[PDB]
Amino acid sequence: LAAX
Amino acid sequence: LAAX
Amino acid sequence: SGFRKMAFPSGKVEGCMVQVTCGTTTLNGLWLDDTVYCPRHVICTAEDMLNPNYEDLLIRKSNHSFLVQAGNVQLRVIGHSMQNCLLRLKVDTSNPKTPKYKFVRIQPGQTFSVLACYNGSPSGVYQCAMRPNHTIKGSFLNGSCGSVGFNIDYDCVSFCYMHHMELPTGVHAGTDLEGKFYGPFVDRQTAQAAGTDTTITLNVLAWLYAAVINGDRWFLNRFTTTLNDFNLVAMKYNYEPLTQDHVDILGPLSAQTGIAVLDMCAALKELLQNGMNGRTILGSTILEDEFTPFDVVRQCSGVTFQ
Amino acid sequence: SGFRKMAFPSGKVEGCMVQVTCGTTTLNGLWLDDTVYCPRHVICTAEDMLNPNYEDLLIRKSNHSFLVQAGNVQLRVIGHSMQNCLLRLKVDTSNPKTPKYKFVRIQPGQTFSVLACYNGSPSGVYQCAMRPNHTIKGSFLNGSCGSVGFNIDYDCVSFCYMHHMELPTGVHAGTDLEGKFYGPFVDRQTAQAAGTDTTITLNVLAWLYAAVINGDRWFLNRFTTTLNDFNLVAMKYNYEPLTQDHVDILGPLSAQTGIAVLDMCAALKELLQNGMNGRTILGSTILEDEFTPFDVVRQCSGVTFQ
């Protein structure tokens, strides 16, 4: 669920 | 077997 | 002959890709005319992502807070505003490689090409579909944020996606080029997850037409179905319901092969109930749903192998 | 995360594509510096294709027998020679968009990106592998001849394929950029057919590593195998035999995951004997063989999801  |  | 997941040629988009750094965060931005678009979370650190206030974080930034690099050339930021989940950075130079373009919001089920970039340098290109649950099954590593999705009509690039995040399932979420997200997702690190997905019926159907245009009829049958009796089957197999509008769109493909849409729907209905077992369609062991009717017309011959 | 068939970005190649017409035949040519490469059968009509003599057909041509068009600009041919199954056309202008390049001959099992073109205008991009039988499973319509395949390292384009023909199975054959064909095929319309194909073992293995790097271990087992006992299984399932050199190449992937190559070979051996049944690997229902070890390293994280 990480911002990339 | 056609040239394209 | 043959049938492949095919991307648009990426060069018009490649000449638009830049690098945007704020503080210690670096990602990709899209450079058109005198503007560079990127994810607003470029102004965020790891700890702000948990609960960021972007209005408050942004007002603490100046124009020189942002470094934009195009190749080995530094662009000077001379204006900045927030638009939804994007930043718009004004720069001292118009991109001379700016193509003819549009910003479009794509609908679920539609496909686009992604140009994956790291550090503003394009690294690969692939095709994918907007899923019914508003995610894409992409391939993205750390630093891919601000990578864009697009389609190309004539020489006009229609940009439709900018990359923002990856969900815990390994699938991807982001925004149109107005900074509005696809689906119920937000650019903060919270418990949020893909909703339940469904198979894109229209696409499966189109790709069965593709099979016929290329010369395969094995999965056809002597039956027909009502739109409603198909959907009772569809829904038990987790396909989207088919609508008269989807039946309509399939008109040209129907006309090229001489197979009535509801007759192809009976053919699908039978594939769902009976499986394929050992047999393939267009090389595939499974029913494929990432080609639109448009993708099939574009790629296939206009002349059926009867 | 995610794993996709990914093409190189196509813009360096796009700016090299032209149209070549001789008489009534039109196809694509590749324009580097002051040369344009294309299939020699551009000098052929339908009836000559049955039994052409290219030396005899060519000597009957002048420089102005050939029309080269780059966008809406006519290039003037000022020299021409035949090289194997290619024509080299000298033109009055060097391509100013010429990238750094090399001509390479690709080996069976290796992959490359194809930029499919019609009338010298790029229309799509996809990835494929040179099959053990020297064919590619491409997607090509009438007019795609002279479309090229390539890989990109840093900013150097390595061209490895030019498209010539389609065989009766729907798969494709062509040449390196020296005009030498891949496989036993010839540029005349005769009874010639793909030889029997085999699965690329090295690639399947690599893609099992890819699965592990992305976080899946379900297909692993407590067993190991000798190189020779694996090949007795391989050969019954129509896989290429694995060699110590292939075992070697898998070193970096082996080192990243902590799985010994012959241990992954036992894992494969068991997948062949027992099937997957209901289960998928990297989204796939079947064992995939169109990613090299190199394709996996390039696309995957350097950090395993342990």
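- Per the deposited record, the coordinates in this entry were obtained by X-ray crystallography to a resolution of 2.10 Å.

Some details on the relation of the copies chain D and chain C
Consideration 1: Once chain D has been moved 0.0 Å along the axis and rotated by 180°, it coincides with chain C to within an RMSD of 0.0 Å. On this basis, the relationship between the two copies can be described by a two-fold rotation axis. For chain D, the residue whose C-alpha comes nearest the rotation axis is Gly11(D), separated from it by 1.8 Å.
Consideration 2: Comparing interface residues between copies, 100% of those in chain D also lie at the interface in chain C; the contact surface is shared.

Points about the environment of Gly146(D)
All names here are of chain D.
Consideration 1: Along the chain, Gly-146 turns up in the loop between β10 (121-129) and β11 (148-153).
Consideration 2: When the C-alpha positions of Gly-146 and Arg-40 are compared, they lie 9.7 Å apart, and in sequence the two are 106 residues distant.
Consideration 3: Among residues more than four places away in sequence, those in contact with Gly-146 are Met-17, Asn-28, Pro-39, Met-162 and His-163.

As for the arrangement of the chains
Consideration 1: Contacts are most numerous between chains C and D, taken over all three pairs of chains that touch.
Consideration 2: A minimum C-alpha distance of 43 Å separates chain A and chain B, which share no contact.
Consideration 3: Of all C-alpha pairs spanning chain B and chain C, none lies closer than 10 Å, and the two are not in contact.

Regarding the pattern of salt bridges
Consideration 1: In this structure the tally under the stated criterion is 20 salt bridges over all chains.
Consideration 2: A salt bridge links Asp187(D) to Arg40(D); the nearest nitrogen and oxygen atoms lie 2.7 Å apart. On the criterion of sequence distance, the pair formed by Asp187(D) in the loop between β13 (172-175) and α3 (201-214) and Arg40(D) in the loop between β3 (35-39) and α2 (54-59) is long-range, its members being 147 residues apart. Neither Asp187(D) nor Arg40(D) differs from the other in exposure class; each is buried.
Consideration 3: Close ionic contact of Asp197(D) with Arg131(D) constitutes a salt bridge, the shortest N to O distance being 2.9 Å. Of the two residues, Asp197(D) sits in the loop between β13 and α3 while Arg131(D) sits in the loop between β10 and β11, which places them 66 residues apart along the sequence.
Consideration 4: One connected set of salt bridges, linked through shared partners, spans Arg4(C), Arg131(D), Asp197(D), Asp289(D) and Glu290(D).

So, the environment of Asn133(C)
Residues and elements named next belong to chain C.
Consideration 1: Position of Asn-133 among the secondary structure elements: in the loop between β10 (121-129) and β11 (148-153).
Consideration 2: Sequence-wise, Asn-133 and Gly-195 are 62 residues apart; in three dimensions their C-alpha atoms are separated by 5.6 Å.
Consideration 3: Every residue in contact with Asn-133, bar those within four places of it in the chain, is listed here: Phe-185, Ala-194, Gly-195, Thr-196 and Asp-197.
Consideration 4: Among the polar contacts made by the side chain of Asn-133, one reaches the side chain of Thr-135 at a distance of 2.7 Å.

Side note on the sheet that holds strand β4 (residues 66-70) of chain C
Residues and elements named next belong to chain C.
Consideration 1: One open sheet holds the seven strands; their spatial order is β5-β4-β1-β2-β3-β7-β6, and the pairing between them is antiparallel. Two strands in the sheet have a free side with no partner beyond their single neighbour: β5 (73-75) and β6 (77-83). With strand direction ignored, the average angle separating the axes of adjacent strands in the sheet is 30°.

Comments concerning the sheet that holds strand β4 (residues 66-70) of chain D
Residues and elements named next belong to chain D.
Consideration 1: With respect to topology, seven strands assemble into an open sheet ordered β5-β4-β1-β2-β3-β7-β6, the strand pairing being antiparallel. Pairing within the sheet leaves two strands with one partner each, and these edge strands are β5 (73-75) and β6 (77-83). Across the sheet, the axes of successive neighbouring strands diverge by a mean angle of 30°, strand direction being ignored.
Consideration 2: Sheet topology places strand β1 (residues 17-22) next to strand β2 (residues 25-32); six bridges connect them, and they run antiparallel. Bridging across to β2, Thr-21 finds its partner in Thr-26.

Examining the domain arrangement of chain C
Residues and elements named next belong to chain C.
Consideration 1: Domain boundaries in chain C define domain 1 (1-14 + 100-197), domain 2 (15-99) and domain 3 (198-301).
Consideration 2: Centre-to-centre, using C-alpha coordinates, domain 1 lies 19 Å away from domain 2.
Consideration 3: Each side of the interface is counted separately: domain 1 has 35 residues, and domain 2 has 26 residues.
Consideration 4: Roughly 2300 Å² is buried in total at the junction of domain 1 and domain 2, and carbon and sulfur atoms are behind 59% of that figure.
Consideration 5: On the domain 1 side of the contact with domain 2, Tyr-101, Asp-187 and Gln-189 bury the most area, a combined 22% of that side's loss.
Consideration 6: Counting across the interface, domain 1 meets domain 2 through one salt bridge.
Consideration 7: There are 15 residue pairs in polar contact connecting domain 1 and domain 2.
Consideration 8: The element contributing the most residues to the side of domain 1 that touches domain 2 is strand β12 (residues 156-166), with five residues.

Some thoughts on the packing of aromatic side chains
Residues and elements named next belong to chain C.
Consideration 1: Inspection of the entire model under this criterion finds 18 aromatic pairs over all chains.
Consideration 2: Ring geometry for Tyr-101 against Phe-103: centres 5.5 Å apart, planes inclined by 40°, an arrangement best described as tilted.
Consideration 3: Taken together, a centroid distance of 6.4 Å and an interplanar angle of 20° make the contact between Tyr-161 and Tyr-182 stacked. Of this pair, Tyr-161 sits in strand β12 while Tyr-182 sits in the loop between β13 (172-175) and α3 (201-214), placing them 21 residues apart in sequence.

Remarks on the interface of chain D and chain C
Consideration 1: Between chain D and chain C, the residue contacts involve 36 residues of the former and 36 residues of the latter.
Consideration 2: Between chain D and chain C, roughly 2400 Å² of surface is buried when both sides are summed, and carbon and sulfur atoms account for 50% of that area.
Consideration 3: Its largest share of buried area at the contact with chain C, chain D owes to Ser1(D), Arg4(D) and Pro9(D), together 28% of the area lost on that side.
Consideration 4: Counting across the interface, chain D meets chain C through two salt bridges.
Consideration 5: Here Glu290(C) and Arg4(D) are joined by a salt bridge, their closest N and O atoms 2.8 Å apart.
Consideration 6: In this structure, the connection of chain D to chain C is made through 21 residue pairs in polar contact.
Consideration 7: Those elements that provide at least two residues to the side of chain D that touches chain C are α1 (11-14), β10 and α8 (293-299) of chain D.
Consideration 8: If one sorts the elements of the side of chain D that touches chain C by residue count, β10(D) sits on top with seven residues.
Consideration 9: Here the side of chain D that touches chain C is composed, by residue class, of 14 nonpolar, 14 polar and eight charged.

Thresholds applied
- Along every chain, residues receive numbers from 1 upward following the written sequence, which is not necessarily the numbering found in the entry; those without coordinates are excluded from display.
- As they are written, the chains are lettered A onward and the ligands numbered 1 onward, keeping that order.
- Side-chain numbers here rest on the full set of heavy atoms in the structure, without hydrogens or water.
- Residues with missing side-chain atoms are left out of burial classes, side-chain pairs and their counts.
- The fitting set for superposing the copies is their C-alpha atoms, and the method is least squares.
- Contacts: residue pairs with any heavy atoms within 4.5 Å of one another.
- Only DSSP runs of H or I reaching four residues or more are called helices, and only runs of E reaching two or more are called strands; each is numbered from the N terminus.
- Each reported salt bridge corresponds to a side-chain nitrogen of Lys or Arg within 4 Å of a carboxyl oxygen of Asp or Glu.
- Three labels apply to residues, based on accessible area from a 1.4 Å probe with only protein chains included: buried if under 20% of the type maximum, exposed if over 50%, partly exposed otherwise in between.
- By the criterion applied in these results, polar contacts are pairs of N or O atoms within 3.5 Å in which, for protein atoms, one can donate a hydrogen and the other can accept it, and in which residues neighboring in sequence qualify only through two side-chain atoms.
- Two strands qualify as a pair provided DSSP detects at least 2 bridges between them.
- Fitting a line to C-alpha atoms yields each axis, with helices limited to the stretch in contact; the angle taken between N-to-C directions then spans 0 to 180 degrees.
- Bear in mind that the domain bounds are from an automatic or database domain assignment.
- Put simply, buried area is how much 1.4 Å-probe accessible surface two parts lose in total, over both of them, once they are put together.
- The criterion for an aromatic pair is that two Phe, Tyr or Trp rings (for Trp, the six-membered ring) have centres within 6.5 Å, with stacked assigned to planes under 30 degrees apart, edge-to-face to planes over 60 apart and tilted to the rest.
- Note that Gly is not counted as nonpolar here; it falls among the polar residues with everything else outside the nonpolar set of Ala, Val, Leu, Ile, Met, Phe, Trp, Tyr, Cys and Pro and the charged set of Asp, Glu, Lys and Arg.

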